[PDB]
Amino acid sequence: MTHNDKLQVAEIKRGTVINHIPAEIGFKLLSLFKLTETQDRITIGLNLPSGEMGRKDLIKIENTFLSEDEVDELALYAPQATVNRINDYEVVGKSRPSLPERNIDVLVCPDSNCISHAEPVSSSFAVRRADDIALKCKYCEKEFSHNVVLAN
Amino acid sequence: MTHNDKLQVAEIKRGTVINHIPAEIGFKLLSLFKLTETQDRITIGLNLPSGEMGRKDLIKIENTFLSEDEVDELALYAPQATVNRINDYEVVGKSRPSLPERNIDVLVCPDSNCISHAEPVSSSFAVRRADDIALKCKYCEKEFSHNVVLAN
Amino acid sequence: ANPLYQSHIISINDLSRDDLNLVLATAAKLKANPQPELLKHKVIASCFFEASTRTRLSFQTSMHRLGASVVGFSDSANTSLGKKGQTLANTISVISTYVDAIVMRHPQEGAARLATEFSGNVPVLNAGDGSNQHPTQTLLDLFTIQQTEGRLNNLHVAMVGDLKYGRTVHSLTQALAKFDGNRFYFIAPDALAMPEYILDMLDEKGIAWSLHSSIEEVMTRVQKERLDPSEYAXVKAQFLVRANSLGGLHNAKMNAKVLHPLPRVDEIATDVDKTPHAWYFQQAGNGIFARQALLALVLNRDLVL
Amino acid sequence: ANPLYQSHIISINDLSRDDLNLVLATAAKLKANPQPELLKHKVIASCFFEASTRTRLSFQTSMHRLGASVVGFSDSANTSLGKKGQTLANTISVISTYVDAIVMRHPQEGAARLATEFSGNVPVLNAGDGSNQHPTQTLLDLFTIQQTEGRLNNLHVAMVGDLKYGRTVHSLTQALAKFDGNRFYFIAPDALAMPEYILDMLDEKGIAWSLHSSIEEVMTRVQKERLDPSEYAXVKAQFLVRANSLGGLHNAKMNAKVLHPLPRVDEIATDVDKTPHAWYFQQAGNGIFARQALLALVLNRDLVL
Amino acid sequence: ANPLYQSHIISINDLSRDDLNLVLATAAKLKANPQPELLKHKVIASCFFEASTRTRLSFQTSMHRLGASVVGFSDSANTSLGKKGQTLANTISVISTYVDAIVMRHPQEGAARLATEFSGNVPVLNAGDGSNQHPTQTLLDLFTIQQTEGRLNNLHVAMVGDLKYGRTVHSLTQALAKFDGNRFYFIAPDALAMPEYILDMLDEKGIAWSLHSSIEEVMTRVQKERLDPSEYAXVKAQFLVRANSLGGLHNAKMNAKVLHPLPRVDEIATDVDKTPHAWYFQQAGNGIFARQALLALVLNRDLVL
Amino acid sequence: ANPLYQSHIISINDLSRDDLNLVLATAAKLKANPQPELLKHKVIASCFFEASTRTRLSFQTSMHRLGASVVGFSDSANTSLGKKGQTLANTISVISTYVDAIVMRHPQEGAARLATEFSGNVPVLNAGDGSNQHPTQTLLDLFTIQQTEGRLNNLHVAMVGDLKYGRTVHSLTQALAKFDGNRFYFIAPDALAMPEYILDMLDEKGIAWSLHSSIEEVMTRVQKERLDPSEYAXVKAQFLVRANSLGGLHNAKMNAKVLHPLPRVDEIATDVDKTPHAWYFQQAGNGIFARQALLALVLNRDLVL
Ligand SMILES: [Zn+2]
Ligand SMILES: [Zn+2]
């Protein structure tokens, strides 16, 4: 096996095989989240995709017993992605990163004063939308927008 | 191609396919250096290796027209690695990351005062050893050791 | 057994009708029926991360009319601790240790929250995060509205000031808002305008309002007044049409009253002082009651209702 | 009738086994059995010749859990008195007059002593002379050692820090030393070395020890930890091999614990916080007990043992 | 014989096309043709009623490239004079006496004028009244516009900043305005809006303009840029949509340039630095020429044109 | 055509025998043969990022004996610029612009270097980075050694002080070292010890030395003295065996001399002042020559050798 797949895992043995989610923002994720601080082996590249060629399944991402929303969590940086399963006989039913409501440690009150940014925290921001996506900041009760935040 | 290799590149078309250099410190490299801010596609995982099994070639890393020392540069974090070539008819003669003498932007005068750390710099530190590896800091003419530095 | 127990108080938003109607009424009597010793054997923390004094001087006095203690400090100077090293969350974790409770004030804006987390079971009172929240103020304000107009229901309110950086009309409003159908007036000079969020919320909800740059008519169909302050920030030739000044000829009065979480300066005139609608003060003296209520709720388990 | 009566406390050196085993045990219960009013009718002096606050905030709280009073001040600024004329010994002689006792802290290093002389029968507590002595700290420390390992006898101690200007390992040591045969470890970077006097004394006596620059093995045959701080003074490129940092991977643990008369910064890691051997805090909360013990010894004549 | 002689310079408003086209062109060569000694035997006054330094450091350097002298001071501290008694107009009347000329800067906003009156024949240069006028800046700015786009006629200007308290777009504008038909763009966040007076005047006159919150298109049909600063005053959660930041991807470039009477911070990016449209600097180095021109006009009687 | 041209001077390390033998000898005459106007038409920058004055007062005086100019400032107070935003490298890039050269001093330790990069062709002189380098000092020192003993070859040197944080024996040494076979003496109290790097280098090279805690014999086979200072940092009961004091009874003299880049305090005695081996001063007056040499090298293209 000169690079690829061989998604043999599923319990006591796992994989993860992020393959360019949207593009060049899946690296992010990587730090954006753990998932490299961890035993199981990993796999990626850049699909420079259009998706798939001849017949394209109609999905992508990672597969490896994340949790439930170990995601929902990406809802924000790669909403358009998709987890796990198996090609002959398999399980990971209609599962899409679907807004969490409270990103956790990834981000940063852009507010200059939040104590956030001064000590031993947690980024915890809460999410509401109808507008264009809203994020509050238990800390400094202030509201910024997926934007300007996403960056920082 | 479900993850792997297919190191078709070599000029107008390239690849990079870092595959766990030492381990869990090749992620590093990745940010440790660019190489993700870039077109060509990429490939990695974790060999959780012992190297190779039946017959193991006797080498690893990346292959993709880095430079010359786009390396020598790793001399410090994965000295034990190795570049490019081709399996039938090919070129990348005896090439090992071999100390540079001046790491560039990766690092950080641990000194608290260097202007480094206050403005628009460059990490530029120079390397001499016989001891156990020495790094100076054009900035604040001070000498620390691969250690305590490597971290920061 | 009390809703309020060991709960940390910190943001008005984060509190429920009920709750308001409670500190609201535990303080009403306390006011008619004081108790020194409800608290004896208690010590509290009067942490003045950001010196403040009007607020501190009243907090405190509070601790002691209930019977009790203090240990605290006002800062920005000759106060110590950690600095170029330590965490407001090391301060607390130790503090936490001997104290029984913590009023505490600050420059930054998490602190009370940031301190919650690290201070296990020792409730924190927030005298201020920063430019964020002051629950004590607005409940202090809220009541007082109450002993006056005689309800927090079916009112004619108006807050003429610098509703923009206005720290308290922002709370007031949304507390005065939880209750219902009351119409608010906002005599603000398009610059101390009203932020477009506390509104979409008036709107958000089911509530109403209007705009004017007078103190005038808005004023006859009006019941309690919040004049904020007006200052710095804006030019000093920005104190151009400072016409949103409360003074004396209003007569086209009613039997309302005027309030201002001090400290007045220009906002309003000695001339007024005197005559009804005045109170800015009583408004103050009523914080000694508003607080207490809390602290004994905060720290007791039950009541002599 | 109590050994401690009207005696001024000021330097650990200047105190006897017994004595230690006493505040040591009057505080153990006090801790299990509090008494507000042991002291009522008392006022005390919380003199902060050199503002200090962690120490002050706990001293004080002490006065009041025992029931009592305060009057004091923290300085270096907006505090007055004599200056370009008057004597810290005029301050005292008057102070002396109304007070019942004096905790007091200072920059210079006689004060408590200097103040003894002039303050006739009003005991002084020393929160600090200067770079000299802090009895409260080390007894505070000493106990805490006790409620933990369960004795101040047949131990495995280690103090990794800046044992040079280290104010408290200097006391600790010589108190922890009066008791017996226990071996001490001194992980100090030849510069925060151990002074050649507190040794000749270990030696002086009949006691032992070893040296290492690890936190490592020294650590498995180890029971309570004193990590001091590390700072300024030395270059700022002198914080070169700052490797004497306590953090998290130790596992090759035991069932010991770690201490630090705060305030931590780098010394030790949040990561640790959590998990056992932690306590730096309890270590603190235990000063509120260690003090009290004194003050009621200091000022009462007898006990409810 | 020179228009400019013994005239005190103080407010751009108060100056005539001509005049501009003059300092404008006396400095162009001066720049191509320096003269140290035009001024020898001269001393000048570098009065820094309000320390300022970028402005001072360049003023000065000016005096000396022309050959000459200085005597001055920067204040707010260890500077003296009258205070709790004396008049900035006693300062001057004496100063007036030995000097040959006065650059001078201040907090208040009459000073240069206030000082005119009292300083008989010794011209004053205004480095600043307060929040009022800085002629040196804007002519400094104006030129520089000139050596660049090659005229102060038939332009595409844009100033994206805090046009509200913006001290220099206020001058700039009205100087850049005296000349003609050029359309201005004002990418300002409704709060650093454009005051309704410098407009009625654009309008007032015969001139034009548009509004946008982009840096974008406004930008392709654009020739010189004034990005001001953005800061304090507004909340610190008021630095919310700080999107009016100049940075690097513009390409949809032209062959214009960018300016900023420093000092930049966030406004603009190192990244840019480099590449054309940059200059913020040259913009600066060009004040050493813009000033000089004056001072030798100011003080000589004629020219080597 | 001169080795030195447009080269920025900043660290003694970073300079070549030759070079030393040059400023060394351009200053020798300059000293015997002054030139005001070598520099006329020049302005320079006397940037005192960290006020310093002895060094500044002499730098400067330098500029002017050569004929020339200044514009500069000393800071820590009533000085401005950028702060809570701007870069010492924005300061420079503008400064860079009008100036002809930059002496500049600082707290941090890159500055001169950090400033090189950003200041294109305008040489920077370093009066100090921080605790890092002062070339001016040591060449200042070096010479002076020269006009005295009559060579920087085959000497008996000794530097008794606080060789640890000693800023100048660190330079001195390694310059005095480039030249050859001379033996150095280091009367340092094991704490102001000699760092183990400038040695391995003495050793490193081919050179020699010895140790002693006397001022005594080390002293008879001795030629120029560097006594540094001794202070703070260490306890204040750390000024215990302050026995490394130079004073008066030495007679077992020679015809050497004593130096100290001031300012003396205790180090040495009035008593001495007087009598030979004295000079600490001349040592100073000789910096006005040492600098000049540079600056005219630095800025001219050729010489009147
Ligand atoms: Zn926040
Ligand atoms: Zn450095």
# chains A, B, ... in the order shown; residues from 1 in each chain; ligands from 1
$ residues_near_ligand --ligand "ligand 1" --cutoff "9 Å" --atoms "only C-alpha atoms and all ligand atoms" --output "MDAnalysis selection string"
(chainID A and resid 108:117 123:125 136:143) or (chainID C and resid 109:110) or (chainID E and resid 237)
$ interface_residues --of "chain E" --to "chain C" --cutoff "10 Å" --atoms "only C-alpha atoms" --output "PyMOL selection string"
chain E and resi 131+164-165+190-191+232-238
$ select_by_dssp --residues "region 93-170 of chain E" --states "strand (DSSP E or B)" --output "list in words"
residues 102, 103, 104, 105, 124, 128, 157, 158 and 159 of chain E
$ interface_residues --of "chain B" --to "chain A" --cutoff "12 Å" --atoms "only C-alpha atoms" --output "PDB file with N, CA and C atoms, in the first residue's frame"
ATOM      1  N   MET B   1      -8.794   5.303  -7.268  1.00  0.00           N
ATOM      2  CA  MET B   1      -7.820   5.528  -6.170  1.00  0.00           C
ATOM      3  C   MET B   1      -8.436   6.020  -4.830  1.00  0.00           C
ATOM      4  N   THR B   2      -8.624   4.947  -4.052  1.00  0.00           N
ATOM      5  CA  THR B   2      -9.096   5.070  -2.620  1.00  0.00           C
ATOM      6  C   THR B   2      -7.777   5.241  -1.909  1.00  0.00           C
ATOM      7  N   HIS B   3      -7.384   6.326  -1.358  1.00  0.00           N
ATOM      8  CA  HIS B   3      -6.044   6.603  -0.770  1.00  0.00           C
ATOM      9  C   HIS B   3      -4.825   5.777  -1.150  1.00  0.00           C
ATOM     10  N   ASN B   4      -3.627   6.438  -1.255  1.00  0.00           N
ATOM     11  CA  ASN B   4      -2.358   5.661  -1.529  1.00  0.00           C
ATOM     12  C   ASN B   4      -1.186   6.613  -1.917  1.00  0.00           C
ATOM     13  N   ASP B   5      -0.640   6.221  -3.075  1.00  0.00           N
ATOM     14  CA  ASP B   5       0.291   6.662  -4.027  1.00  0.00           C
ATOM     15  C   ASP B   5      -0.092   6.495  -5.550  1.00  0.00           C
ATOM     16  N   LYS B   6       0.685   7.366  -6.245  1.00  0.00           N
ATOM     17  CA  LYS B   6       0.677   7.436  -7.696  1.00  0.00           C
ATOM     18  C   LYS B   6       1.303   8.835  -7.843  1.00  0.00           C
ATOM     19  N   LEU B   7       2.609   8.413  -7.664  1.00  0.00           N
ATOM     20  CA  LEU B   7       3.574   9.535  -7.663  1.00  0.00           C
ATOM     21  C   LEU B   7       3.919   9.863  -9.112  1.00  0.00           C
ATOM     22  N   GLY B  15       3.940  16.428  -6.556  1.00  0.00           N
ATOM     23  CA  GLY B  15       2.846  15.727  -5.535  1.00  0.00           C
ATOM     24  C   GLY B  15       3.592  16.179  -4.286  1.00  0.00           C
ATOM     25  N   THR B  16       3.428  15.622  -3.169  1.00  0.00           N
ATOM     26  CA  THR B  16       4.194  15.741  -1.948  1.00  0.00           C
ATOM     27  C   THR B  16       3.456  14.526  -1.245  1.00  0.00           C
ATOM     28  N   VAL B  17       4.212  13.804  -0.464  1.00  0.00           N
ATOM     29  CA  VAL B  17       3.415  12.667   0.126  1.00  0.00           C
ATOM     30  C   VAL B  17       4.183  12.177   1.335  1.00  0.00           C
ATOM     31  N   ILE B  18       4.379  13.158   2.152  1.00  0.00           N
ATOM     32  CA  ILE B  18       4.741  13.041   3.529  1.00  0.00           C
ATOM     33  C   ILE B  18       3.721  11.905   3.976  1.00  0.00           C
ATOM     34  N   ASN B  19       4.259  11.007   4.672  1.00  0.00           N
ATOM     35  CA  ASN B  19       3.918   9.792   5.318  1.00  0.00           C
ATOM     36  C   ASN B  19       4.668   9.648   6.675  1.00  0.00           C
ATOM     37  N   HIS B  20       4.032  10.028   7.785  1.00  0.00           N
ATOM     38  CA  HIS B  20       4.632  10.003   9.129  1.00  0.00           C
ATOM     39  C   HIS B  20       6.151   9.847   9.096  1.00  0.00           C
ATOM     40  N   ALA B  23       7.289  10.258  14.356  1.00  0.00           N
ATOM     41  CA  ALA B  23       5.805  10.161  14.383  1.00  0.00           C
ATOM     42  C   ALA B  23       5.015  11.185  15.132  1.00  0.00           C
ATOM     43  N   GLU B  24       4.083  11.753  14.267  1.00  0.00           N
ATOM     44  CA  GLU B  24       3.208  12.755  15.011  1.00  0.00           C
ATOM     45  C   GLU B  24       3.991  14.058  15.171  1.00  0.00           C
ATOM     46  N   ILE B  25       4.993  14.178  14.302  1.00  0.00           N
ATOM     47  CA  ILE B  25       5.883  15.356  14.229  1.00  0.00           C
ATOM     48  C   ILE B  25       6.311  15.279  12.772  1.00  0.00           C
ATOM     49  N   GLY B  26       5.408  15.590  11.948  1.00  0.00           N
ATOM     50  CA  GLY B  26       5.435  15.578  10.498  1.00  0.00           C
ATOM     51  C   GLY B  26       4.114  16.316  10.193  1.00  0.00           C
ATOM     52  N   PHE B  27       3.355  16.374  11.303  1.00  0.00           N
ATOM     53  CA  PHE B  27       2.073  17.146  11.171  1.00  0.00           C
ATOM     54  C   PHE B  27       2.783  18.540  11.156  1.00  0.00           C
ATOM     55  N   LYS B  28       3.410  18.627  12.374  1.00  0.00           N
ATOM     56  CA  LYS B  28       4.224  19.860  12.609  1.00  0.00           C
ATOM     57  C   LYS B  28       4.666  20.611  11.332  1.00  0.00           C
ATOM     58  N   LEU B  30       4.282  20.308   8.457  1.00  0.00           N
ATOM     59  CA  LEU B  30       3.192  20.717   7.610  1.00  0.00           C
ATOM     60  C   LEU B  30       2.967  22.188   7.828  1.00  0.00           C
ATOM     61  N   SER B  31       2.994  22.602   9.064  1.00  0.00           N
ATOM     62  CA  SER B  31       2.675  24.065   9.324  1.00  0.00           C
ATOM     63  C   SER B  31       4.053  24.594   9.585  1.00  0.00           C
ATOM     64  N   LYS B  34       5.080  26.001   5.257  1.00  0.00           N
ATOM     65  CA  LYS B  34       4.017  25.960   4.229  1.00  0.00           C
ATOM     66  C   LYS B  34       3.693  24.485   3.917  1.00  0.00           C
ATOM     67  N   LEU B  35       3.607  24.239   2.597  1.00  0.00           N
ATOM     68  CA  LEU B  35       3.253  22.920   2.024  1.00  0.00           C
ATOM     69  C   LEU B  35       1.840  22.597   2.545  1.00  0.00           C
ATOM     70  N   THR B  36       0.849  23.339   2.070  1.00  0.00           N
ATOM     71  CA  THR B  36      -0.553  23.160   2.219  1.00  0.00           C
ATOM     72  C   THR B  36      -1.238  24.459   1.735  1.00  0.00           C
ATOM     73  N   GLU B  37      -0.317  25.367   1.650  1.00  0.00           N
ATOM     74  CA  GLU B  37      -0.652  26.691   1.042  1.00  0.00           C
ATOM     75  C   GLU B  37      -0.064  26.283  -0.330  1.00  0.00           C
ATOM     76  N   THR B  38      -0.720  25.634  -1.298  1.00  0.00           N
ATOM     77  CA  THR B  38      -0.081  25.150  -2.542  1.00  0.00           C
ATOM     78  C   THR B  38      -0.907  24.241  -3.419  1.00  0.00           C
ATOM     79  N   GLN B  39      -0.968  24.332  -4.709  1.00  0.00           N
ATOM     80  CA  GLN B  39      -1.765  23.505  -5.628  1.00  0.00           C
ATOM     81  C   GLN B  39      -1.721  22.014  -5.613  1.00  0.00           C
ATOM     82  N   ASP B  40      -0.485  21.615  -5.849  1.00  0.00           N
ATOM     83  CA  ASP B  40      -0.251  20.141  -5.950  1.00  0.00           C
ATOM     84  C   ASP B  40      -0.959  19.532  -4.673  1.00  0.00           C
ATOM     85  N   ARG B  41      -1.422  18.323  -4.960  1.00  0.00           N
ATOM     86  CA  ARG B  41      -2.090  17.464  -4.005  1.00  0.00           C
ATOM     87  C   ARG B  41      -1.034  16.782  -3.093  1.00  0.00           C
ATOM     88  N   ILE B  42      -1.607  16.328  -1.975  1.00  0.00           N
ATOM     89  CA  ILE B  42      -0.742  15.796  -0.937  1.00  0.00           C
ATOM     90  C   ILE B  42      -1.162  14.476  -0.399  1.00  0.00           C
ATOM     91  N   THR B  43      -0.213  13.738   0.238  1.00  0.00           N
ATOM     92  CA  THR B  43      -0.562  12.457   0.834  1.00  0.00           C
ATOM     93  C   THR B  43       0.186  12.046   2.099  1.00  0.00           C
ATOM     94  N   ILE B  44      -0.663  11.715   3.102  1.00  0.00           N
ATOM     95  CA  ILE B  44      -0.072  11.238   4.336  1.00  0.00           C
ATOM     96  C   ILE B  44      -1.066  10.280   5.020  1.00  0.00           C
ATOM     97  N   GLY B  45      -0.430   9.745   6.085  1.00  0.00           N
ATOM     98  CA  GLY B  45      -0.896   8.801   7.080  1.00  0.00           C
ATOM     99  C   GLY B  45       0.083   8.532   8.242  1.00  0.00           C
ATOM    100  N   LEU B  46      -0.105   7.446   9.019  1.00  0.00           N
ATOM    101  CA  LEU B  46       0.907   7.105  10.067  1.00  0.00           C
ATOM    102  C   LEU B  46       1.359   5.629   9.920  1.00  0.00           C
ATOM    103  N   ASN B  47       2.584   5.350   9.370  1.00  0.00           N
ATOM    104  CA  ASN B  47       3.176   4.088   9.037  1.00  0.00           C
ATOM    105  C   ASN B  47       3.179   3.204  10.318  1.00  0.00           C
ATOM    106  N   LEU B  48       3.001   3.960  11.421  1.00  0.00           N
ATOM    107  CA  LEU B  48       3.063   3.286  12.775  1.00  0.00           C
ATOM    108  C   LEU B  48       4.204   2.336  12.364  1.00  0.00           C
ATOM    109  N   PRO B  49       5.106   2.940  11.553  1.00  0.00           N
ATOM    110  CA  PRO B  49       6.044   1.964  10.964  1.00  0.00           C
ATOM    111  C   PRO B  49       7.134   1.530  11.962  1.00  0.00           C
ATOM    112  N   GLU B  52       9.608  -0.723   6.928  1.00  0.00           N
ATOM    113  CA  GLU B  52       9.132  -1.684   5.913  1.00  0.00           C
ATOM    114  C   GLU B  52       9.059  -3.156   6.410  1.00  0.00           C
ATOM    115  N   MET B  53       8.175  -4.075   5.924  1.00  0.00           N
ATOM    116  CA  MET B  53       8.069  -5.464   6.364  1.00  0.00           C
ATOM    117  C   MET B  53       8.942  -6.603   5.834  1.00  0.00           C
ATOM    118  N   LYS B  60      12.207   7.037   3.278  1.00  0.00           N
ATOM    119  CA  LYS B  60      10.883   7.694   3.356  1.00  0.00           C
ATOM    120  C   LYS B  60      10.913   9.239   3.284  1.00  0.00           C
ATOM    121  N   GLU B  62       8.601  12.464   1.426  1.00  0.00           N
ATOM    122  CA  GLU B  62       8.147  13.285   0.438  1.00  0.00           C
ATOM    123  C   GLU B  62       9.081  13.287  -0.798  1.00  0.00           C
ATOM    124  N   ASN B  87      10.259   4.698  -9.016  1.00  0.00           N
ATOM    125  CA  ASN B  87      10.501   3.196  -8.972  1.00  0.00           C
ATOM    126  C   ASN B  87      11.035   2.664 -10.319  1.00  0.00           C
TER     127      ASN B  87
END
$ atom_distance --atom1 "CA of residue 59 (chain A)" --atom2 "CA of residue 93 (chain A)"
12.0 Å
$ interface_residues --of "chain D" --to "chain A" --cutoff "12 Å" --atoms "only C-alpha atoms" --output "PyMOL selection string"
chain D and resi 265+269-271+273
$ write_last_selection --atoms "C-alpha atoms" --output "short mmCIF file (atom, residue, chain, number, x, y, z; two decimals), in the first residue's frame"
data_model
loop_
_atom_site.label_atom_id
_atom_site.label_comp_id
_atom_site.auth_asym_id
_atom_site.auth_seq_id
_atom_site.Cartn_x
_atom_site.Cartn_y
_atom_site.Cartn_z
CA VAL D 265 2.82 31.35 37.12
CA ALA D 269 0.69 23.64 35.10
CA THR D 270 -3.07 24.00 34.97
CA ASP D 271 -2.88 20.39 33.64
CA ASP D 273 -4.15 21.59 38.95
#
$ residues_around --residues "residue 65 (chain A)" --least-positions-apart "6" --cutoff "12 Å" --atoms "only C-alpha atoms" --output "PyMOL selection string"
chain A and resi 9-17+35+40+71+83-85+91-92
$ residues_around --residues "residue 124 (chain C)" --least-positions-apart "6" --cutoff "8 Å" --atoms "only C-alpha atoms" --output "list in words"
residues 8, 9, 10, 101, 102, 103, 104, 112, 115 and 116 of chain C
$ write_last_selection --atoms "N, CA and C atoms" --output "mmCIF file, in the first residue's frame"
data_model
loop_
_atom_site.group_PDB
_atom_site.id
_atom_site.type_symbol
_atom_site.label_atom_id
_atom_site.label_comp_id
_atom_site.auth_asym_id
_atom_site.auth_seq_id
_atom_site.Cartn_x
_atom_site.Cartn_y
_atom_site.Cartn_z
ATOM 1 N N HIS C 8 -25.183 31.767 41.147
ATOM 2 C CA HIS C 8 -24.403 32.984 41.079
ATOM 3 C C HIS C 8 -25.243 33.905 40.239
ATOM 4 N N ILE C 9 -25.217 35.059 40.803
ATOM 5 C CA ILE C 9 -25.985 36.137 40.094
ATOM 6 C C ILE C 9 -25.097 36.862 39.167
ATOM 7 N N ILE C 10 -25.313 37.114 37.924
ATOM 8 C CA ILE C 10 -24.453 37.797 37.009
ATOM 9 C C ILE C 10 -25.067 38.210 35.691
ATOM 10 N N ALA C 101 -18.735 34.418 50.054
ATOM 11 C CA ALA C 101 -19.399 35.007 48.880
ATOM 12 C C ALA C 101 -18.609 36.076 48.181
ATOM 13 N N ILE C 102 -18.899 36.404 46.940
ATOM 14 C CA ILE C 102 -17.989 37.382 46.439
ATOM 15 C C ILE C 102 -18.432 38.566 45.755
ATOM 16 N N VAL C 103 -19.030 39.625 46.166
ATOM 17 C CA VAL C 103 -19.183 40.743 45.166
ATOM 18 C C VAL C 103 -17.790 41.007 44.597
ATOM 19 N N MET C 104 -17.630 41.467 43.389
ATOM 20 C CA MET C 104 -16.372 41.709 42.722
ATOM 21 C C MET C 104 -16.575 42.510 41.463
ATOM 22 N N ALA C 112 -16.753 37.951 36.447
ATOM 23 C CA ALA C 112 -17.755 37.188 37.186
ATOM 24 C C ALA C 112 -17.852 35.910 36.410
ATOM 25 N N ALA C 115 -14.512 34.168 36.711
ATOM 26 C CA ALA C 115 -14.533 33.621 38.073
ATOM 27 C C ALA C 115 -15.658 32.617 38.263
ATOM 28 N N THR C 116 -16.887 32.615 37.772
ATOM 29 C CA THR C 116 -17.675 31.488 38.304
ATOM 30 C C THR C 116 -16.725 30.232 38.219
#
$ select_by_dssp --residues "region 81-231 of chain E" --states "alpha helix (DSSP H)" --output "count of residues only"
50
$ atom_distance --atom1 "CA of residue 77 (chain F)" --atom2 "CA of residue 239 (chain E)"
28.7 Å
$ atom_distance --atom1 "CA of residue 154 (chain D)" --atom2 "CA of residue 182 (chain D)"
5.0 Å
$ closest_residue --among "F:159, F:176, F:290, F:114" --to "ligand 2" --atoms "only C-alpha atoms and all ligand atoms"
F:114
$ residues_around --residues "residue 288 (chain E)" --least-positions-apart "6" --cutoff "10 Å" --atoms "only C-alpha atoms" --output "list in words"
residues 27, 31, 55, 57, 58, 59, 60, 61, 62, 63, 65 and 140 of chain E; 97 and 98 of chain F
$ residues_around --residues "residue 169 (chain D)" --least-positions-apart "4" --cutoff "8 Å" --atoms "only C-alpha atoms" --output "number ranges by chain"
D: 159, 163, 173, 226
